[PDB]
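Okay, my_file-v4.cif is below, mmCIF, C-alpha atoms and all ligand atoms:
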```cif
data_start
loop_
_atom_site.group_PDB
_atom_site.id
_atom_site.type_symbol
_atom_site.label_atom_id
_atom_site.label_comp_id
_atom_site.auth_asym_id
_atom_site.auth_seq_id
_atom_site.Cartn_x
_atom_site.Cartn_y
_atom_site.Cartn_z
ATOM 1 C CA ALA P 1 0.000 0.000 0.000
ATOM 2 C CA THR P 2 0.914 3.692 -0.284
ATOM 3 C CA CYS P 3 1.335 5.130 3.230
ATOM 4 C CA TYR P 4 2.275 8.439 4.847
ATOM 5 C CA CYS P 5 2.909 9.500 8.343
ATOM 6 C CA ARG P 6 0.577 12.390 8.962
ATOM 7 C CA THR P 7 0.305 15.280 11.428
ATOM 8 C CA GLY P 8 -3.186 16.060 10.104
ATOM 9 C CA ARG P 9 -6.149 13.861 9.220
ATOM 10 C CA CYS P 10 -5.767 11.268 6.457
ATOM 11 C CA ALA P 11 -6.657 12.249 2.885
ATOM 12 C CA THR P 12 -10.123 11.351 1.548
ATOM 13 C CA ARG P 13 -8.772 8.310 -0.360
ATOM 14 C CA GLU P 14 -6.573 7.237 2.597
ATOM 15 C CA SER P 15 -7.442 5.206 5.707
ATOM 16 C CA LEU P 16 -5.931 5.395 9.198
ATOM 17 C CA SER P 17 -4.044 2.091 9.045
ATOM 18 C CA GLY P 18 -1.605 2.145 11.991
ATOM 19 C CA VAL P 19 0.790 4.230 14.078
ATOM 20 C CA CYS P 20 4.092 5.882 13.144
ATOM 21 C CA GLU P 21 6.067 8.717 14.794
ATOM 22 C CA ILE P 22 7.038 12.311 14.025
ATOM 23 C CA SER P 23 9.912 13.547 16.224
ATOM 24 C CA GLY P 24 9.181 10.847 18.821
ATOM 25 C CA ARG P 25 5.445 11.634 19.008
ATOM 26 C CA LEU P 26 2.666 9.278 17.865
ATOM 27 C CA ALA P 27 1.257 10.127 14.449
ATOM 28 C CA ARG P 28 -1.358 8.802 12.018
ATOM 29 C CA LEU P 29 -0.329 6.179 9.494
ATOM 30 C CA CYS P 30 -2.522 6.966 6.485
ATOM 31 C CA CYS P 31 -2.611 4.382 3.694
ATOM 32 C CA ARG P 32 -4.377 3.770 0.387
ATOM 33 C CA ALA F 1 6.016 5.859 0.827
ATOM 34 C CA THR F 2 5.278 2.277 -0.214
ATOM 35 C CA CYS F 3 4.651 0.150 2.892
ATOM 36 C CA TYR F 4 3.336 -3.264 3.963
ATOM 37 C CA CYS F 5 1.949 -4.752 7.160
ATOM 38 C CA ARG F 6 4.179 -7.779 7.733
ATOM 39 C CA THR F 7 4.006 -11.111 9.594
ATOM 40 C CA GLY F 8 7.762 -11.638 9.140
ATOM 41 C CA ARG F 9 10.781 -9.343 9.258
ATOM 42 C CA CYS F 10 11.002 -6.398 6.864
ATOM 43 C CA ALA F 11 12.618 -7.139 3.495
ATOM 44 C CA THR F 12 16.307 -6.243 3.056
ATOM 45 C CA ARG F 13 15.411 -2.964 1.285
ATOM 46 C CA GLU F 14 12.600 -2.096 3.733
ATOM 47 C CA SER F 15 12.802 -0.512 7.192
ATOM 48 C CA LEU F 16 10.557 -0.995 10.235
ATOM 49 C CA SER F 17 8.665 2.313 10.142
ATOM 50 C CA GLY F 18 5.764 1.861 12.596
ATOM 51 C CA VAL F 19 3.033 -0.396 13.959
ATOM 52 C CA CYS F 20 0.051 -1.856 12.119
ATOM 53 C CA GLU F 21 -2.315 -4.759 12.841
ATOM 54 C CA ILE F 22 -3.213 -8.051 11.170
ATOM 55 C CA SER F 23 -6.512 -9.451 12.490
ATOM 56 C CA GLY F 24 -6.218 -7.236 15.580
ATOM 57 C CA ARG F 25 -2.659 -8.411 16.347
ATOM 58 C CA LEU F 26 0.370 -6.087 16.370
ATOM 59 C CA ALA F 27 2.484 -6.318 13.227
ATOM 60 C CA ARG F 28 5.561 -4.671 11.679
ATOM 61 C CA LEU F 29 4.988 -1.743 9.345
ATOM 62 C CA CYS F 30 7.700 -2.193 6.721
ATOM 63 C CA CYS F 31 8.409 0.604 4.228
ATOM 64 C CA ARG F 32 10.791 0.829 1.264
ATOM 65 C CA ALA U 1 -10.548 15.079 30.225
ATOM 66 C CA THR U 2 -13.653 13.652 28.560
ATOM 67 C CA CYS U 3 -12.550 11.117 25.927
ATOM 68 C CA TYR U 4 -14.010 8.469 23.613
ATOM 69 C CA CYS U 5 -12.651 5.487 21.714
ATOM 70 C CA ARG U 6 -13.857 6.111 18.173
ATOM 71 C CA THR U 7 -14.411 4.141 14.961
ATOM 72 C CA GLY U 8 -14.373 7.356 12.893
ATOM 73 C CA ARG U 9 -12.543 10.676 12.943
ATOM 74 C CA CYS U 10 -12.615 12.786 16.101
ATOM 75 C CA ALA U 11 -15.479 15.291 16.349
ATOM 76 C CA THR U 12 -14.842 18.991 15.560
ATOM 77 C CA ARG U 13 -14.222 19.928 19.216
ATOM 78 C CA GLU U 14 -12.222 16.745 19.909
ATOM 79 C CA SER U 15 -8.538 16.076 19.176
ATOM 80 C CA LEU U 16 -6.745 12.770 18.495
ATOM 81 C CA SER U 17 -5.056 12.273 21.880
ATOM 82 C CA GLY U 18 -3.819 8.647 21.884
ATOM 83 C CA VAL U 19 -4.502 4.998 21.114
ATOM 84 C CA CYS U 20 -7.249 2.774 22.507
ATOM 85 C CA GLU U 21 -8.884 -0.463 21.295
ATOM 86 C CA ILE U 22 -12.288 -1.619 20.078
ATOM 87 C CA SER U 23 -12.622 -5.421 20.127
ATOM 88 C CA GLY U 24 -8.822 -5.707 20.187
ATOM 89 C CA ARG U 25 -8.378 -3.400 17.167
ATOM 90 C CA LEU U 26 -6.509 -0.072 17.175
ATOM 91 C CA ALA U 27 -8.790 2.932 17.504
ATOM 92 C CA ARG U 28 -8.499 6.731 17.810
ATOM 93 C CA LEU U 29 -8.641 8.140 21.296
ATOM 94 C CA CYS U 30 -10.549 11.399 20.913
ATOM 95 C CA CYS U 31 -10.702 13.940 23.743
ATOM 96 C CA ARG U 32 -12.604 17.181 24.188
ATOM 97 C CA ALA L 1 -15.553 8.400 29.546
ATOM 98 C CA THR L 2 -13.448 10.504 31.941
ATOM 99 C CA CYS L 3 -9.763 9.906 31.120
ATOM 100 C CA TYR L 4 -6.324 11.153 32.195
ATOM 101 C CA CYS L 5 -2.812 10.601 30.870
ATOM 102 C CA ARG L 6 -1.016 9.265 33.948
ATOM 103 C CA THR L 7 2.646 8.946 34.965
ATOM 104 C CA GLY L 8 1.652 6.684 37.883
ATOM 105 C CA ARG L 9 -0.802 3.800 38.221
ATOM 106 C CA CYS L 10 -4.503 4.489 37.558
ATOM 107 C CA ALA L 11 -6.790 5.424 40.457
ATOM 108 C CA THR L 12 -8.888 2.639 42.023
ATOM 109 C CA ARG L 13 -12.018 4.030 40.312
ATOM 110 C CA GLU L 14 -10.082 4.216 37.005
ATOM 111 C CA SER L 15 -9.060 1.458 34.590
ATOM 112 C CA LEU L 16 -6.119 1.350 32.163
ATOM 113 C CA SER L 17 -7.961 1.883 28.872
ATOM 114 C CA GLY L 18 -5.273 2.798 26.303
ATOM 115 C CA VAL L 19 -1.970 4.520 25.551
ATOM 116 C CA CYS L 20 -1.296 8.265 25.531
ATOM 117 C CA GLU L 21 1.998 10.219 25.583
ATOM 118 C CA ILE L 22 3.801 12.554 28.004
ATOM 119 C CA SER L 23 6.601 14.439 26.186
ATOM 120 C CA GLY L 24 6.948 11.765 23.519
ATOM 121 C CA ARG L 25 7.070 8.945 26.094
ATOM 122 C CA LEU L 26 4.360 6.282 26.445
ATOM 123 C CA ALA L 27 2.033 6.789 29.398
ATOM 124 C CA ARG L 28 -1.048 5.109 30.895
ATOM 125 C CA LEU L 29 -4.464 6.244 29.697
ATOM 126 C CA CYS L 30 -6.640 5.804 32.785
ATOM 127 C CA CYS L 31 -10.412 6.100 32.324
ATOM 128 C CA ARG L 32 -13.537 5.780 34.463
ATOM 129 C CA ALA T 1 15.521 -8.136 31.353
ATOM 130 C CA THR T 2 12.932 -10.550 32.730
ATOM 131 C CA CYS T 3 9.473 -9.351 31.679
ATOM 132 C CA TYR T 4 5.858 -10.536 31.597
ATOM 133 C CA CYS T 5 2.770 -9.533 29.636
ATOM 134 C CA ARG T 6 0.266 -8.856 32.410
ATOM 135 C CA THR T 7 -3.525 -8.699 32.794
ATOM 136 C CA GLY T 8 -3.186 -6.845 36.116
ATOM 137 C CA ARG T 9 -0.902 -4.150 37.480
ATOM 138 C CA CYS T 10 2.845 -4.761 37.560
ATOM 139 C CA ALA T 11 4.138 -6.397 40.750
ATOM 140 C CA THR T 12 5.728 -4.174 43.427
ATOM 141 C CA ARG T 13 9.253 -5.051 42.177
ATOM 142 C CA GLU T 14 8.203 -4.647 38.510
ATOM 143 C CA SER T 15 7.855 -1.520 36.367
ATOM 144 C CA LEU T 16 5.557 -0.863 33.397
ATOM 145 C CA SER T 17 8.169 -0.913 30.620
ATOM 146 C CA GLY T 18 6.150 -1.129 27.368
ATOM 147 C CA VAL T 19 3.132 -2.530 25.538
ATOM 148 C CA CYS T 20 2.433 -6.162 24.657
ATOM 149 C CA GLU T 21 -0.728 -8.089 23.699
ATOM 150 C CA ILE T 22 -2.827 -10.903 25.152
ATOM 151 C CA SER T 23 -5.167 -12.468 22.566
ATOM 152 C CA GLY T 24 -4.810 -9.341 20.410
ATOM 153 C CA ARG T 25 -5.623 -6.953 23.285
ATOM 154 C CA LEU T 26 -3.257 -4.316 24.717
ATOM 155 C CA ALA T 27 -1.597 -5.286 27.976
ATOM 156 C CA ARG T 28 1.022 -4.011 30.424
ATOM 157 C CA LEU T 29 4.596 -5.122 29.808
ATOM 158 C CA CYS T 30 6.055 -5.500 33.300
ATOM 159 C CA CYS T 31 9.819 -5.961 33.698
ATOM 160 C CA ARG T 32 12.139 -6.850 36.566
ATOM 161 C CA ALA X 1 10.129 -14.298 29.480
ATOM 162 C CA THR X 2 13.537 -12.745 28.756
ATOM 163 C CA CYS X 3 13.010 -9.468 26.835
ATOM 164 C CA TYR X 4 15.081 -6.563 25.463
ATOM 165 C CA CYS X 5 14.312 -3.189 23.904
ATOM 166 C CA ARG X 6 16.044 -3.395 20.521
ATOM 167 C CA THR X 7 17.173 -0.890 17.878
ATOM 168 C CA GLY X 8 18.091 -3.666 15.422
ATOM 169 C CA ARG X 9 16.278 -6.862 14.449
ATOM 170 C CA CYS X 10 15.490 -9.405 17.174
ATOM 171 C CA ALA X 11 18.095 -12.136 17.716
ATOM 172 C CA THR X 12 17.165 -15.401 15.911
ATOM 173 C CA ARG X 13 16.537 -16.912 19.366
ATOM 174 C CA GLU X 14 14.050 -14.051 20.067
ATOM 175 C CA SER X 15 10.581 -13.160 18.781
ATOM 176 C CA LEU X 16 9.208 -9.643 18.339
ATOM 177 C CA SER X 17 6.785 -9.640 21.252
ATOM 178 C CA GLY X 18 5.588 -6.028 21.498
ATOM 179 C CA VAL X 19 6.574 -2.370 21.728
ATOM 180 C CA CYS X 20 8.926 -0.443 24.026
ATOM 181 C CA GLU X 21 10.749 2.909 23.781
ATOM 182 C CA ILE X 22 14.341 4.075 23.325
ATOM 183 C CA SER X 23 14.529 7.835 24.021
ATOM 184 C CA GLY X 24 10.883 8.425 23.146
ATOM 185 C CA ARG X 25 11.067 6.430 19.895
ATOM 186 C CA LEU X 26 9.234 3.139 19.311
ATOM 187 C CA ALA X 27 11.540 0.124 19.473
ATOM 188 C CA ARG X 28 11.174 -3.638 19.058
ATOM 189 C CA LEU X 29 10.448 -5.612 22.203
ATOM 190 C CA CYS X 30 12.304 -8.876 21.555
ATOM 191 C CA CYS X 31 11.572 -11.796 23.887
ATOM 192 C CA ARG X 32 12.421 -15.479 24.308
HETATM 193 CA CA CA M 1 -4.796 -5.306 19.103
HETATM 194 CA CA CA M 2 7.207 8.312 21.604
HETATM 195 CL CL CL M 3 0.229 15.358 7.134
HETATM 196 CL CL CL M 4 -10.243 6.266 8.403
HETATM 197 CL CL CL M 5 -2.362 8.052 16.366
HETATM 198 CL CL CL M 6 5.093 -10.475 5.812
HETATM 199 CL CL CL M 7 0.376 0.712 19.878
HETATM 200 CL CL CL M 8 -16.974 6.819 17.003
HETATM 201 CL CL CL M 9 -0.843 10.775 37.183
HETATM 202 CL CL CL M 10 1.836 2.220 28.707
HETATM 203 CL CL CL M 11 -0.859 -10.656 35.079
HETATM 204 CL CL CL M 12 -0.509 -0.156 28.349
HETATM 205 CL CL CL M 13 9.641 -18.574 28.914
HETATM 206 CL CL CL M 14 19.479 -4.127 19.909
#
```
Can you give me the file's structure in the form of structure tokens?
Amino acid sequence: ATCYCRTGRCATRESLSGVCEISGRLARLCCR
Amino acid sequence: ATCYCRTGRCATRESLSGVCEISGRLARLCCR
Amino acid sequence: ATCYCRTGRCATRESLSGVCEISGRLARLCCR
Amino acid sequence: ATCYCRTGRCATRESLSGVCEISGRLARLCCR
Amino acid sequence: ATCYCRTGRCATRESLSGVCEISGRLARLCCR
Amino acid sequence: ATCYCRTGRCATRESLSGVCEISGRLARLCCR
């Protein structure tokens, strides 16, 4: 899948699919 | 990025980049 | 705080504040 | 529910109900 | 270290040191 | 079990058994 680690909400075509980190803080894994 | 939720270790060209789930069980997020 | 374990995105006045579970599956913790 | 991000164990009226963060470190989410 | 995935609070000589799973459900990792 | 918070892959003797933290970053919990 195509995934991004997001500070904001996932894109419309993406789904919250797990957890990643941004500077040691839990972030959204958004995949499609 | 291109990522996969994995039952085994990440491929040689992938890196463990977060946490996902397979059937409600914690799994490796592997991204190339 | 007042928080909920959500299947969908956090409400307008809520913020994604952590990780909880619904039936053993990762879910958004949303707090107002 | 009523939840707090705790450094110590949950109160007797509270139950550990998820994971939150305190300065990028994992902490107990205690809810009642 | 010597650690256990626990359904209850960590023992008095143990410390909550991470997150594990019991039957796909989040649980305290308690380490001596 | 015998567990360690790992930056690299788990030893072949060990199994990835959950999540811990190394300086506020998610690390492999490797147990045996
Ligand atoms: Ca789970
Ligand atoms: Ca962290
Ligand atoms: Cl983003
Ligand atoms: Cl979603
Ligand atoms: Cl998150
Ligand atoms: Cl796999
Ligand atoms: Cl998690
Ligand atoms: Cl909801
Ligand atoms: Cl506290
Ligand atoms: Cl925790
Ligand atoms: Cl226990
Ligand atoms: Cl926990
Ligand atoms: Cl054992
Ligand atoms: Cl290591």
Pairing the C-alpha atoms in order across the whole chain, superpose chain U onto chain X by least squares and write the result as an mmCIF file with C-alpha atoms, in the frame of the given file.
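Result file follows (out-v6.cif):
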```cif
data_model
loop_
_atom_site.group_PDB
_atom_site.id
_atom_site.type_symbol
_atom_site.label_atom_id
_atom_site.label_comp_id
_atom_site.auth_asym_id
_atom_site.auth_seq_id
_atom_site.Cartn_x
_atom_site.Cartn_y
_atom_site.Cartn_z
ATOM 1 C CA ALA U 1 10.090 -14.041 29.847
ATOM 2 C CA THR U 2 13.510 -12.517 29.190
ATOM 3 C CA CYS U 3 13.066 -9.521 26.865
ATOM 4 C CA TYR U 4 15.046 -6.600 25.435
ATOM 5 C CA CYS U 5 14.192 -3.275 23.836
ATOM 6 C CA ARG U 6 16.164 -3.356 20.598
ATOM 7 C CA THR U 7 17.459 -0.904 17.987
ATOM 8 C CA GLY U 8 17.854 -3.719 15.430
ATOM 9 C CA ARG U 9 16.020 -6.901 14.488
ATOM 10 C CA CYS U 10 15.346 -9.513 17.163
ATOM 11 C CA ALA U 11 18.047 -12.169 17.596
ATOM 12 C CA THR U 12 17.562 -15.645 16.048
ATOM 13 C CA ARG U 13 16.114 -17.151 19.253
ATOM 14 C CA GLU U 14 14.048 -14.031 20.032
ATOM 15 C CA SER U 15 10.636 -13.059 18.629
ATOM 16 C CA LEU U 16 9.085 -9.597 18.158
ATOM 17 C CA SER U 17 6.676 -9.591 21.117
ATOM 18 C CA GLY U 18 5.515 -5.958 21.483
ATOM 19 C CA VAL U 19 6.400 -2.272 21.537
ATOM 20 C CA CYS U 20 8.784 -0.459 23.874
ATOM 21 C CA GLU U 21 10.692 2.847 23.643
ATOM 22 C CA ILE U 22 14.297 4.014 23.434
ATOM 23 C CA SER U 23 14.657 7.731 24.223
ATOM 24 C CA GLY U 24 10.947 8.199 23.487
ATOM 25 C CA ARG U 25 11.174 6.459 20.087
ATOM 26 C CA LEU U 26 9.312 3.278 19.095
ATOM 27 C CA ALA U 27 11.422 0.148 19.390
ATOM 28 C CA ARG U 28 11.023 -3.628 18.951
ATOM 29 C CA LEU U 29 10.350 -5.609 22.079
ATOM 30 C CA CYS U 30 12.256 -8.851 21.563
ATOM 31 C CA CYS U 31 11.729 -11.837 23.865
ATOM 32 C CA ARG U 32 13.441 -15.200 24.144
#
```
Quick check: residues of chain U within 9 Å of chain F, all atoms listed in the file, returned as a PDB file with C-alpha atoms, in the coordinates of the input.
```pdb
ATOM      1  CA  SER U  23     -12.622  -5.421  20.127  1.00  0.00           C
ATOM      2  CA  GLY U  24      -8.822  -5.707  20.187  1.00  0.00           C
ATOM      3  CA  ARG U  25      -8.378  -3.400  17.167  1.00  0.00           C
ATOM      4  CA  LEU U  26      -6.509  -0.072  17.175  1.00  0.00           C
TER       5      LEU U  26
END
```
What's the 8 Å shell around stretch 6-9 of chain X, counting all atoms listed in the file, without same-chain residues fewer than 5 positions away, as number ranges by chain? F: 9; X: 22, 27-30
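Atom to atom, atom CA of residue U:3 and atom CA of residue P:31 stand 25.3 Å apart.
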Length of the atom CA of residue L:2 to atom CL of ligand CL 10 (chain M) vector [Å]: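 We find that atom CA of residue L:2 and atom CL of ligand CL 10 (chain M) lie 17.7 Å from each other.
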How far is it from atom CA of residue F:16 to atom CA of residue P:5, in Å with one decimal? 13.1 Å
So for stretch 7-26 of chain P, what box centre and size do we get, axis-aligned, 5 Å extra on each of the six sides, every listed atom, Å to one decimal, as JSON?
```
{"center_x": -0.1, "center_y": 9.1, "center_z": 9.3, "size_x": 30.0, "size_y": 24.0, "size_z": 29.4}
```
Using the chain letters and numbers from the file, give me the residues hit by the PyMOL selection byres (((not hetatm)) within 7 of (chain M and resi 7)), as a compact mmCIF listing (two decimals) with C-alpha atoms, in the frame of the given file.
```txt
# COMPACT_ATOMS: atom_id res chain seq x y z
CA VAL P 19 0.79 4.23 14.08
CA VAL F 19 3.03 -0.40 13.96
CA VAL U 19 -4.50 5.00 21.11
```
